[PDB]
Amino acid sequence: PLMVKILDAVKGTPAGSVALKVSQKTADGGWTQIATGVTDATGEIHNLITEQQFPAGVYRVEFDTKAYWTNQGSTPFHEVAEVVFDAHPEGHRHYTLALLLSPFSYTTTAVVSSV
């Protein structure tokens, strides 16, 4: 239900080996970690979480973009890239977090399916 697609805007290829963590907002406004992972060579993470593990609520996906740029030989601006959103996964609704990376800029977009 949650997918990601990370692209490297310098190389024109997906951003491989990007570390990320998924957190779910708690009642008191805190966070609980539900999953971690690293993108494969296609800039994706398969079976990141499951349907039951992804109920309605506010989620935060943290992408370790600083490490990605360091490993590519660039010095980036951002310490991390965070994507924070309300999820309503009732039925079919799947979420794709697309992320386009440059050393001093990123674009975060979402593709949300209907039912």
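A residue's number is simply how far along the shown sequence it sits, counting from 1. We call the rigid core whatever largest set of C-alpha positions still superposes within 1.5 Å between the two forms.
Greater average departure of CA atoms from the shown form, over structures and residues in 8 other deposited structures of this protein after a core fit, characterises 84-92 among 84-92 and 55-63. The question of which stretch, 78-86 or 27-35, has the higher mean Cα B factor is settled in favour of 27-35.
Comparing 2-10 with 106-114, the higher mean C-alpha B-factor in the PDB entry belongs to 106-114. Take 61, 67, 41, 49 and read off each C-alpha B-factor from the entry; 49 has the highest.
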